[PDB]
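Please read the structure below before turning to the comments.
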Amino acid sequence: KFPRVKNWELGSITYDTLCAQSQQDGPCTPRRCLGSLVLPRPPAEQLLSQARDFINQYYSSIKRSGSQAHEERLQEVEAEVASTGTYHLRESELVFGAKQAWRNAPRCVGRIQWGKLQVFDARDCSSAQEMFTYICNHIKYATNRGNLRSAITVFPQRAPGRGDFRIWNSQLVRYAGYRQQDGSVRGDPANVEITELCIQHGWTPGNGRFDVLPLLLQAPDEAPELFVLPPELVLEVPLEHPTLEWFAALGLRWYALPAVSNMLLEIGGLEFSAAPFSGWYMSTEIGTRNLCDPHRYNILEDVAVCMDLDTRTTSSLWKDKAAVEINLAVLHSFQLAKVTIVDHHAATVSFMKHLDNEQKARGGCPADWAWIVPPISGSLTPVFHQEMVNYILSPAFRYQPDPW
Amino acid sequence: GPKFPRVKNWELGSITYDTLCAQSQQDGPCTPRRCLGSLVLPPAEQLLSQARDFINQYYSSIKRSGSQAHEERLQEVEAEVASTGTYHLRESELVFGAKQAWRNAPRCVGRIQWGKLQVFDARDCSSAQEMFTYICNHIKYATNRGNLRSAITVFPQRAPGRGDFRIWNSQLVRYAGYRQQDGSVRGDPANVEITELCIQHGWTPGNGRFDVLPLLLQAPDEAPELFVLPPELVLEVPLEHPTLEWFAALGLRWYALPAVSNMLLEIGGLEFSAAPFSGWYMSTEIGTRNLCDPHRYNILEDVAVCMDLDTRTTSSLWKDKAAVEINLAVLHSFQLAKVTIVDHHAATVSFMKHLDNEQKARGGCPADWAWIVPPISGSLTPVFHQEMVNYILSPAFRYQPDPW
Ligand code: HEM
Ligand code: HEM
Ligand SMILES: Cc1cc(N)nc(C[C@@H]2CNC[C@H]2OCCNCCc2cccc(F)c2)c1
Ligand SMILES: Cc1cc(N)nc(C[C@@H]2CNC[C@H]2OCCNCCc2cccc(F)c2)c1
Ligand SMILES: C[C@H](O)[C@H](O)[C@H]1CNc2nc(N)[nH]c(=O)c2N1
Ligand SMILES: C[C@H](O)[C@H](O)[C@H]1CNc2nc(N)[nH]c(=O)c2N1
Ligand SMILES: [Zn+2]
């Protein structure tokens with residue numbers, strides 16, 4: 001049953017025994033693999049057993065498995081679920097759970113950092129106003145003048161009687177997308193809809209290519225509220241190129257802080273609908289995907305023309321050439337601005353080490369090959385050559401529907 | 001909606017559903033518990049129903065399903081199995097099954113060409129010497145002085161209590177890999193074992209980085225015989241760069257004809273253990289994988305030193321720059337020598353067109369995302385953004401164990 005896992009550069013072999021701890025089904029069956037889809041489409045005893053498993057994971061982590069603290073905490077959980085149909089985590093438990101959700105995230109290549117996570121307990125939040133304050137602290141902390149620090153802030157869990165705490169934005173920092181008369185988009189095409197929502201709720205919009213969006217924050221069962229981030233909290237990096245003087249004239253820039261804000265955090269069967277987290281960028285996210293994706297800023301052609309490349313044929317490799325300069329520009333500019341960035345070689349090399357650490361520690365690591373391999377120069381990185389097993393462990397981050 | 005996998009393109013936002021996967025009669029490696037999609041390698045009762053399915057497929061494809069000739073062919077197939085334990089394909093059935101196997105191959109991006117395949121029937125072949133003649137005709141035909149033509153030569157099928165026809169080499173044309181006195185390898189490190197098997201069977205070896213290997217050909221129940229390809233038959237392309245003048249001095253080269261020779265061709269339960277097939281190259285196969293893989297020629301550093309890059313640090317993207325030029329050199333040299341090649345941009349754009357063709361014709365196309373997406377410039381190609389469903393259809397090419 002246990003899958004044999006080979007690295008093809010090195011000829012080495014491991015066996016994933018960790019996958020036996022999965023309690024949640026992915027999208028594949030023996031008839032067909034759907035491993036490449038991005039998104040595929042409680043009652044007391046089910047919660048109670050997810051809770052026990054997690055409490056068990058927690059006492060294992062602190063080497064107190066079977067002790068008196070462990071025993072009585074299980075009793076406390078059974079007592080609370082039996083009476084109320086739910087329960088609550090202690091702060092240390094939450095801290096362990098948040099790190100473990102990151103650790104378990106098959107699509108994250110930055111997991112060597114997993115144990116280094118500042119966890120802000122925001123479960124004593126009763127308003128969108130308070131959410132904003134908490135969010136501003138997270139950003140201030142996480143940014144740290146360019147010396148970025150991984151952080152998560154956790155707002156109040158879901159409850160059966162009421163609506164969720166939610167952040168409408170998919171990240172804490174995002175650029176606006178304005179549909180134009182002419183049918184094109186100024187700004188980021190990925191954010192057209194959230195830009196339109198911000199306007200609908202009273203935002204006076206800019207008209208630039210990089211207008212930081214405001215936040216729509218939603219307390220249970222209320223209209224979302226609009227909050228503009230103080231601009232001094234939002235660190236941005238102007239993009240120049242080491243050798244190409246003209247590159248700066250493109251006026252391209254990106255924000256320092258990658259911070260997901262619409263994923264659900266699940267710990268011990270409890271669900272945290274608003275729990276934004278941030279780390280630091282790997283350069284290809286910006287250099288390749290955000291700037292060069294055809295459904296994003298789509299700047300490749302512009303850059304190739306600047307580079308006076310032959311755009312008439314594909315075989316001149318003008319796309320590859322321009323894409324490299326752009327990734328180079330992102331790395332250079334971040335390093336110049338003294339803002340933390342990792343390149344895809346450094347990142348994937350450290351992910352290989354993480355795979356080795358996890359093998360010894362846990363007997364495996366869930367990993368999504370298509371997400372782990374970078375979007376340029378795939379086979380030039382060691383992860384390309386590494387077979388990977390993908391499965392869902394809890395604690396987990398999940399996707400959740402947009403609240404509108 | 002529909003109870004078949006929903007399949008999304010993220011560049012375009014368009015949706016399809018795959019209904020072809022319903023036809024799959026063979027389980028892959030994945031289960032709901034865990035996806036294994038990134039793994040490289042993972043009596044008469046059974047034969048007769050496979051045969052029936054194939055005959056049904058043939059008859060549907062010529063629009064004569066349910067007809068008297070369809071039923072008589074079914075009856076003829078049953079009788080032949082009933083008395084001999086096996087059966088035999090009519091000529092046009094083999095032609096159809098061979099193309100269908102190419103059409104069904106999830107790992108091939110060149111499938112838009114599937115309808116154009118020269119099928120050479122070599123089911124009369126009765127010795128190792130004749131296999132050689134057949135193979136020489138294939139190479140001459142397929143090479144066509146650089147205007148390459150897809151072809152497959154089919155030798156006799158596995159028999160009950162009778163040895164297989166086998167080609168021992170993994171491709172018709174491959175370079176030697178000589179294990180050096182100091183652990184390192186001269187030539188292609190992927191070919192150490194086969195090289196050593198050639199020497200063991202009486203080949204006098206060269207001392208070069210690019211020595212074309214001899215063929216080890218095995219008739220049923222006989223030891224393999226060694227055959228040297230006449231060099232006038234093996235078209236090679238010396239590698240040079242359009243602007244970097246020193247690149248020619250590296251003395252790199254590659255062969256024109258990519259020809260898989262150790263795969264099993266399965267058709268209606270019949271097994272063709274010797275059925276070598278060939279197409280033409282996608283440039284990344286040579287420029288990226290064969291030349292730059294750490295476990296192949298590993299020339300990235302050498303080229304980056306020539307290009308005067310900073311190889312002491314990852315963030316100079318020296319690997320990415322050198323890789324781009326090596327690929328460009330491959331494209332340019334093949335073009336100069338008038339030998340067919342396709343770049344990873346054109347290949348993938350044409351594979352997208354193939355997915356549309358197949359949606360309309362069969363209701364889907366089995367595709368292995370990890371293999372379809374090229375090893376450089378991944379997200380710059382349209383296939384990165386296209387979700388794919390992977391499943392096994394028959395007729396098929398299979399991996400098979402090495403005969404020794
Ligand atoms: C510390 C530096 C970090 C780096 C360099 C990093 C890198 C990455 C990259 C490149 C991806 C793929 C992103 C994409 O292509 O959309 C990713 C995904 C992800 N990361 Fe990390 N990450 C870091 C920190 C974190 C932290 C702190 C967390 C949570 C505590 C986290 C959780 C996730 C999750 C849940 C995904 C999947 C996102 C999705 O499926 O939409 N990462 N990361
Ligand atoms: C016409 C030009 C063709 C092109 C451009 C092409 C392209 C490719 C590429 C890039 C791969 C992946 C190779 C690798 O990374 O190892 C591949 C795999 C494959 N191709 Fe095609 N191909 C062509 C013709 C053919 C033909 C004629 C056949 C057989 C009838 C074929 C059958 C296959 C099969 C079975 C694989 C899987 C190989 C494996 O798993 O080892 N292709 N093709
Ligand atoms: C925490 C962290 C570190 C890092 N280096 N980089 C990141 C980028 C995030 C993750 N992944 C993209 C970025 O976030 C973008 C917003 N995510 C929305 C969810 C989503 C998902 C799929 C398809 C969709 F249409 C929408 C996060
Ligand atoms: C027909 C055709 C067209 C084309 N453009 N390109 C090709 C390259 C073939 C396919 N794929 C690599 C090349 O052939 C190499 C032979 N591979 C043996 C099987 C194998 C599998 C995994 C790991 C291994 F070590 C060995 C064929
Ligand atoms: C269809 C395909 O799964 C999709 O384009 C994925 C591929 N791999 C990825 N890998 C990362 N890191 N991020 C992505 O957005 C994607 N997109
Ligand atoms: C581990 C991974 O499956 C392996 O390195 C695969 C990835 N994709 C590939 N894709 C192609 N076309 N050829 C290959 O050899 C590989 N190698
Ligand atoms: Zn799968």
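Following the order of the structure tokens, first chain is A, next is B, and so on, with residues numbered from 1 inside each chain and ligands from 1 in the order they appear.
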
- Got a sec: who's within 9 Å of residue 87 of chain A, counting only C-alpha atoms, leaving out chain neighbours fewer than 4 positions off, as a list in words? residues 51, 76, 77, 78, 79, 80, 81 and 270 of chain A

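The residues sitting within 7 Å of ligand 7, with only C-alpha atoms and all ligand atoms considered, come out as residues 28, 33, 34 and 35 of chain A; 30, 35, 36 and 37 of chain B.
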
- Neighbour list for residue 254 of chain B as a ChimeraX atom specification, cut-off 12 Å, only C-alpha atoms, skip fewer than 3 positions in-chain: /B:173-175,187-188,209-212,234-240,251,257-258,281,283,285-287,290-291,297,329-331,333-334,337,339,341

File dump, residues just selected, N, CA, C and O atoms, as a compact mmCIF listing (two decimals), in the first residue's frame:
# COMPACT_ATOMS: atom_id res chain seq x y z
N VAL B 173 18.47 5.37 -31.90
CA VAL B 173 19.71 6.15 -31.89
C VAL B 173 19.90 6.71 -30.48
O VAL B 173 19.00 7.37 -29.96
N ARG B 174 21.05 6.44 -29.88
CA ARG B 174 21.40 6.85 -28.51
C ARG B 174 22.92 6.94 -28.48
O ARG B 174 23.56 6.26 -29.26
N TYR B 175 23.48 7.75 -27.59
CA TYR B 175 24.93 7.89 -27.44
C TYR B 175 25.47 6.99 -26.35
O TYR B 175 24.79 6.72 -25.37
N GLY B 187 30.28 10.78 -22.22
CA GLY B 187 29.09 10.55 -23.03
C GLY B 187 27.82 10.77 -22.24
O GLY B 187 27.78 11.61 -21.32
N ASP B 188 26.78 10.03 -22.60
CA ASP B 188 25.46 10.12 -21.95
C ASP B 188 25.38 9.14 -20.75
O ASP B 188 25.36 7.93 -20.93
N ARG B 209 32.30 11.63 -26.62
CA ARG B 209 31.12 12.10 -25.89
C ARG B 209 29.84 11.77 -26.65
O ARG B 209 28.76 11.81 -26.06
N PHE B 210 29.96 11.48 -27.95
CA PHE B 210 28.80 11.34 -28.85
C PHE B 210 28.90 10.17 -29.83
O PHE B 210 28.64 10.31 -31.03
N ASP B 211 29.30 9.02 -29.31
CA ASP B 211 29.44 7.81 -30.11
C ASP B 211 28.08 7.17 -30.23
O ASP B 211 27.47 6.81 -29.21
N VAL B 212 27.58 7.04 -31.45
CA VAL B 212 26.32 6.34 -31.70
C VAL B 212 26.45 4.88 -31.30
O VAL B 212 27.41 4.21 -31.67
N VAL B 234 22.48 7.73 -39.95
CA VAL B 234 22.21 8.39 -38.68
C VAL B 234 22.46 9.88 -38.84
O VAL B 234 23.59 10.34 -38.70
N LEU B 235 21.41 10.64 -39.15
CA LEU B 235 21.55 12.08 -39.32
C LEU B 235 21.80 12.76 -37.96
O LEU B 235 21.05 12.55 -37.01
N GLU B 236 22.87 13.54 -37.87
CA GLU B 236 23.16 14.32 -36.67
C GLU B 236 23.30 15.79 -37.02
O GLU B 236 23.61 16.13 -38.15
N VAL B 237 23.06 16.63 -36.02
CA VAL B 237 23.13 18.08 -36.14
C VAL B 237 24.22 18.65 -35.19
O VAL B 237 24.07 18.59 -33.97
N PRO B 238 25.31 19.20 -35.76
CA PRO B 238 26.30 19.90 -34.94
C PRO B 238 25.65 21.15 -34.36
O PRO B 238 24.95 21.85 -35.06
N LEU B 239 25.88 21.41 -33.08
CA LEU B 239 25.25 22.57 -32.43
C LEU B 239 26.07 23.86 -32.48
O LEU B 239 27.24 23.89 -32.12
N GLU B 240 25.44 24.93 -32.97
CA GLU B 240 26.04 26.25 -32.94
C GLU B 240 24.99 27.26 -32.54
O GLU B 240 23.80 26.97 -32.58
N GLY B 251 31.68 21.68 -29.52
CA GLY B 251 31.53 20.37 -30.17
C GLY B 251 30.31 19.55 -29.73
O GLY B 251 30.30 18.34 -29.88
N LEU B 257 16.72 12.02 -35.09
CA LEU B 257 15.55 11.15 -35.09
C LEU B 257 15.29 10.62 -33.71
O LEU B 257 16.07 9.81 -33.21
N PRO B 258 14.21 11.09 -33.09
CA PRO B 258 13.86 10.57 -31.77
C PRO B 258 12.99 9.33 -31.92
O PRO B 258 11.85 9.42 -32.41
N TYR B 281 11.73 16.00 -32.92
CA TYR B 281 11.95 16.58 -31.60
C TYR B 281 11.16 17.86 -31.26
O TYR B 281 10.89 18.70 -32.12
N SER B 283 12.24 21.02 -29.11
CA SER B 283 13.57 21.50 -28.86
C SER B 283 14.02 21.39 -27.41
O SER B 283 15.22 21.18 -27.15
N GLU B 285 13.56 19.00 -25.42
CA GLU B 285 14.02 17.64 -25.12
C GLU B 285 15.54 17.55 -25.14
O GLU B 285 16.16 16.85 -24.30
N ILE B 286 16.13 18.26 -26.10
CA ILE B 286 17.56 18.26 -26.30
C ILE B 286 18.17 19.40 -25.53
O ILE B 286 19.06 19.18 -24.72
N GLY B 287 17.70 20.63 -25.78
CA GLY B 287 18.30 21.83 -25.20
C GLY B 287 18.20 21.89 -23.69
O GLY B 287 19.12 22.32 -23.00
N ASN B 290 18.19 16.74 -22.24
CA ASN B 290 19.32 15.88 -22.57
C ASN B 290 20.67 16.55 -22.29
O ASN B 290 21.63 15.88 -21.90
N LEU B 291 20.75 17.87 -22.50
CA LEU B 291 22.01 18.60 -22.34
C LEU B 291 22.22 19.17 -20.94
O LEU B 291 23.37 19.22 -20.47
N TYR B 297 23.98 15.25 -19.64
CA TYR B 297 25.22 15.89 -20.07
C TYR B 297 25.68 17.02 -19.15
O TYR B 297 26.87 17.37 -19.16
N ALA B 329 20.25 27.57 -29.29
CA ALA B 329 21.25 26.94 -30.17
C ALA B 329 20.68 25.69 -30.86
O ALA B 329 20.89 25.47 -32.06
N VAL B 330 19.96 24.89 -30.10
CA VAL B 330 19.35 23.71 -30.67
C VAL B 330 18.41 24.10 -31.79
O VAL B 330 18.51 23.56 -32.89
N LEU B 331 17.51 25.05 -31.52
CA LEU B 331 16.54 25.49 -32.54
C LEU B 331 17.24 25.98 -33.77
O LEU B 331 16.93 25.52 -34.89
N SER B 333 20.35 25.51 -34.89
CA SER B 333 21.19 24.54 -35.60
C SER B 333 20.34 23.57 -36.41
O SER B 333 20.69 23.23 -37.54
N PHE B 334 19.23 23.11 -35.84
CA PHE B 334 18.28 22.26 -36.57
C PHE B 334 17.69 22.98 -37.77
O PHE B 334 17.60 22.42 -38.87
N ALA B 337 20.47 23.28 -40.54
CA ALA B 337 20.69 21.99 -41.15
C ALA B 337 19.43 21.43 -41.84
O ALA B 337 19.45 20.30 -42.33
N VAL B 339 16.54 20.37 -40.56
CA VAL B 339 16.05 19.16 -39.91
C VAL B 339 14.86 19.61 -39.08
O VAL B 339 14.94 20.62 -38.37
N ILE B 341 12.23 20.41 -36.46
CA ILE B 341 12.20 20.55 -35.00
C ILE B 341 11.01 21.44 -34.64
O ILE B 341 10.53 22.19 -35.48

From a backbone DSSP assignment, name each residue in segment 266-322 of chain B labelled helix (DSSP H, G or I), as a compact mmCIF listing (two decimals) with C-alpha atoms, in the first residue's frame.
# COMPACT_ATOMS: atom_id res chain seq x y z
CA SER B 283 13.57 21.50 -28.86
CA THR B 284 13.43 21.41 -25.05
CA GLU B 285 14.02 17.64 -25.12
CA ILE B 286 17.56 18.26 -26.30
CA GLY B 287 18.30 21.83 -25.20
CA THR B 288 16.86 21.50 -21.73
CA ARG B 289 16.64 17.85 -20.66
CA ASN B 290 19.32 15.88 -22.57
CA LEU B 291 22.01 18.60 -22.34
CA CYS B 292 21.27 20.30 -18.99
CA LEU B 300 24.78 24.36 -17.83
CA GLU B 301 27.86 25.41 -15.84
CA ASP B 302 30.24 25.06 -18.78
CA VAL B 303 28.02 27.26 -20.96
CA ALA B 304 27.49 29.81 -18.16
CA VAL B 305 31.27 30.11 -17.67
CA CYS B 306 31.62 30.78 -21.43
CA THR B 314 21.59 31.46 -7.62
CA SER B 315 19.97 34.89 -7.83
CA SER B 316 21.95 35.91 -10.92
CA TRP B 318 22.81 32.07 -14.51
CA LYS B 319 21.16 28.67 -14.89
CA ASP B 320 18.15 30.27 -16.54
CA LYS B 321 20.22 32.38 -18.98
CA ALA B 322 22.54 29.59 -20.04

Find the residues of chain B that sit at most 12 Å from ligand 3; for each, write down the nearest two atoms and how far apart they are in Å, to one decimal. Count only C-alpha atoms and all ligand atoms. Sort by chain, then by number going up, and give it as CSV.
residue,atom,partner,partner_atom_place_in_ligand_line,distance
B:8,CA,ligand 3,23 (C),11.1
B:9,CA,ligand 3,25 (F),11.4
B:10,CA,ligand 3,25 (F),8.3
B:11,CA,ligand 3,25 (F),10.9
B:13,CA,ligand 3,25 (F),10.3
B:385,CA,ligand 3,23 (C),11.1

Serialized selection, N, CA and C atoms, as a compact mmCIF listing (two decimals), in the first residue's frame:
# COMPACT_ATOMS: atom_id res chain seq x y z
N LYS B 8 -11.08 23.12 -16.51
CA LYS B 8 -11.00 24.56 -16.72
C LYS B 8 -9.68 25.02 -17.31
N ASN B 9 -9.76 25.91 -18.29
CA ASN B 9 -8.59 26.69 -18.70
C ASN B 9 -8.55 28.05 -17.98
N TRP B 10 -7.47 28.32 -17.24
CA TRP B 10 -7.42 29.51 -16.38
C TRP B 10 -7.00 30.80 -17.09
N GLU B 11 -6.38 30.66 -18.26
CA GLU B 11 -6.06 31.81 -19.09
C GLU B 11 -7.37 32.36 -19.68
N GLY B 13 -10.68 31.10 -19.15
CA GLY B 13 -11.87 31.00 -18.32
C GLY B 13 -12.92 30.05 -18.86
N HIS B 385 -1.74 26.58 -18.09
CA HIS B 385 -2.99 27.13 -17.55
C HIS B 385 -4.22 26.26 -17.82

- Message: I'd like the neighbourhood of residue 86 of chain A as an MDAnalysis selection string, where a residue qualifies if any of its atoms comes within 9 Å (using only C-alpha atoms), though same-chain residues fewer than 2 positions away should be ignored.
- Response: chainID A and resid 42 44 47:48 77 80:84 88 159:160 270

- Task: Tell me the residues of chain A close to chain B, meaning within 6 Å using only C-alpha atoms, as a PyMOL selection string.
- Result: chain A and resi 9+25-26+28-34+36-37+295+315+343+375-379+387+389-391

If you keep N, CA and C atoms, can you produce a file of those selected residues as a compact mmCIF listing (two decimals), in the first residue's frame?
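Below you can see result12.txt, which holds the result:
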# COMPACT_ATOMS: atom_id res chain seq x y z
N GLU A 9 17.16 12.43 -10.31
CA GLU A 9 18.51 13.01 -10.45
C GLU A 9 19.51 12.14 -9.66
N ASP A 25 -10.54 12.85 1.53
CA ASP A 25 -10.36 12.47 0.13
C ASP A 25 -9.99 13.63 -0.79
N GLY A 26 -9.03 13.39 -1.68
CA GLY A 26 -8.75 14.30 -2.76
C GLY A 26 -9.65 13.99 -3.94
N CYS A 28 -8.81 12.51 -7.05
CA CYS A 28 -8.42 11.37 -7.91
C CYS A 28 -9.12 10.05 -7.57
N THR A 29 -9.23 9.16 -8.56
CA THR A 29 -9.71 7.79 -8.35
C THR A 29 -8.80 6.86 -9.16
N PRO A 30 -8.88 5.54 -8.96
CA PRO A 30 -8.06 4.70 -9.86
C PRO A 30 -8.38 4.84 -11.38
N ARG A 31 -9.61 5.23 -11.72
CA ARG A 31 -10.01 5.41 -13.12
C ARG A 31 -9.35 6.64 -13.75
N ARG A 32 -9.18 7.71 -12.97
CA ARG A 32 -8.57 8.94 -13.48
C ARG A 32 -7.96 9.87 -12.43
N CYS A 33 -6.81 10.46 -12.80
CA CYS A 33 -6.11 11.46 -12.00
C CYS A 33 -6.61 12.88 -12.33
N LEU A 34 -6.95 13.63 -11.29
CA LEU A 34 -7.40 15.00 -11.43
C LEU A 34 -6.47 15.89 -10.62
N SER A 36 -4.24 17.77 -11.36
CA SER A 36 -3.92 19.08 -11.93
C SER A 36 -5.02 20.14 -11.85
N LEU A 37 -6.16 19.80 -11.25
CA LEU A 37 -7.21 20.79 -11.05
C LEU A 37 -6.88 21.71 -9.86
N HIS A 295 -3.43 36.38 -18.42
CA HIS A 295 -4.64 36.90 -17.76
C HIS A 295 -4.32 37.83 -16.58
N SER A 315 10.36 30.82 -32.26
CA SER A 315 11.64 30.15 -32.18
C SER A 315 12.82 31.05 -31.85
N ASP A 343 14.79 33.35 -4.50
CA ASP A 343 14.65 32.98 -5.90
C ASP A 343 14.27 31.54 -5.96
N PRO A 375 7.39 28.17 -12.29
CA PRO A 375 6.78 28.35 -13.62
C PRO A 375 7.76 28.71 -14.76
N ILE A 376 9.02 28.98 -14.42
CA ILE A 376 10.09 28.99 -15.41
C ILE A 376 11.18 28.05 -14.92
N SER A 377 11.95 27.55 -15.89
CA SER A 377 13.13 26.77 -15.59
C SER A 377 12.86 25.58 -14.67
N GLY A 378 11.75 24.89 -14.90
CA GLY A 378 11.35 23.77 -14.05
C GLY A 378 12.41 22.71 -13.83
N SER A 379 12.97 22.18 -14.92
CA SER A 379 13.84 21.02 -14.78
C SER A 379 15.24 21.40 -14.34
N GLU A 387 9.86 12.78 -7.39
CA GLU A 387 8.49 12.30 -7.27
C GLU A 387 7.90 12.75 -5.92
N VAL A 389 4.10 12.72 -3.32
CA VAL A 389 2.82 12.14 -2.97
C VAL A 389 1.94 13.28 -2.47
N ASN A 390 0.69 13.32 -2.92
CA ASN A 390 -0.20 14.42 -2.53
C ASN A 390 -1.41 13.87 -1.81
N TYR A 391 -1.70 14.44 -0.64
CA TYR A 391 -2.83 14.01 0.16
C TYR A 391 -3.12 15.07 1.21

- Query: Mind pulling up the distance from atom CA of residue 167 of chain B to atom CA of residue 397 of chain B?
  - Reply: 15.0 Å

- Neighbourhood of ligand 1 at 8 Å, counting only C-alpha atoms and all ligand atoms, reported as an NGL selection string: :A and (38 or 98-99 or 101-102 or 105-111 or 113-114 or 117 or 149-152 or 260 or 263 or 277-282 or 284-285 or 289 or 341-342 or 347 or 371-372 or 374 or 396-399)

- Message: List as a VMD selection string the protein and nucleic acid residues lying within 8 Å of ligand 4, with only C-alpha atoms and all ligand atoms counted.
- Response: (chain A and resid 8) or (chain B and resid 40 to 41 108 110 150 170 to 171 190 258 to 263 277 to 282 285 399)

- Query: What lies within 12 Å of segment 303-311 of chain A using only C-alpha atoms, ignoring chain neighbours under 3 positions off, as number ranges by chain?
  - Reply: A: 241, 243-250, 252, 287, 291-292, 297-300, 314-327, 329

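Taking only C-alpha atoms and all ligand atoms into account, ligand 2 lies nearest to B:348 out of the set B:127, B:169, B:348, B:218.
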
- Message: When you look at residue 351 of chain B with a cut-off of 7 Å (counting only C-alpha atoms), what residues show up, excluding the ones that are within fewer than 4 positions of it in the same chain? I need them as a PyMOL selection string.
- Response: chain B and resi 109-112+347+355

- Item | Sel. of strand (DSSP E or B) residues, segment 197-257 of chain A, as a list in words |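 Matching residues for strand (DSSP E or B) in segment 197-257 of chain A are residues 212, 215, 216, 217, 218, 225, 226, 227, 236, 237, 238, 253, 254 and 255 of chain A.
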